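**Q** All I have is the shape, not the residue letters:
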């Protein structure tokens, strides 16, 4: 053995877990915690602090409804048709209007991605295709039009959402 210890956690950022808007961290998954965006935004980022199982359903993502005219290299945003006004864009990327999901960064190849984009009932859910250990940054991607990370993990959530 000898080589089985745990990887030391990052330190020294600038922003503090206590700094994220109390309302955003307030509606977290099981009991996730905010940790500086040591991932990219190098400010505050959201990480697993509690255990996660494959097929988990975390969300739904606040998602504010605005026109695509906005957005610019983000994730917590998508286009959905409204039976009340037509094809719309849902974006929430702010501390005040954007919850914690707005703090989710990006992955690499389903091996580290912990959350995956899902459109349901004009609502965007974030689901886990793989268990995540407390200390892992929550991340997403898949452009991956109709990739199987999207369908396969969708099936277990939606399929299970029935029988």
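**A** Ah, there it is. Numbering: from 1, shown residues only.

**Q** drop to CA atoms for contacts and neighbour counts, all remaining ones
**A** Will do.

**Q** end to end, how far does stretch 77-89 reach?
**A** Its start and end residues considered, stretch 77-89 measures 7 Å (CA to CA, to the nearest Å).

**Q** Go ahead and name everything in contact with it.
**A** 63, 65, 66, 67, 68, 71, 90, 91, 92, 119, 122 (CA atoms under 8 Å, 6 or more residues apart in numbering).

**Q** Please indicate which of these has the highest neighbour count?
**A** Sorting these by how many neighbours each has (other CA atoms under 10 Å) puts residue 91 first, at 25 neighbours.

**Q** which non-adjacent residue is nearest it?
**A** Among residues not flanking residue 91 along the chain, residue 77 sits closest, at 4.4 Å (CA to CA, 6 or more residues apart in numbering).

**Q** Mind checking which of the contacts of stretch 77-89 land in strands?
**A** Counting by DSSP state E, the contacts of stretch 77-89 place 65, 66, 90, 91, 119 in strands.

**Q** which of those residues are the two that sit furthest away from each other?
**A** Maximum pairwise distance in the ones in strands among the contacts of stretch 77-89, criterion CA to CA, is 16.2 Å, between 66 and 119.
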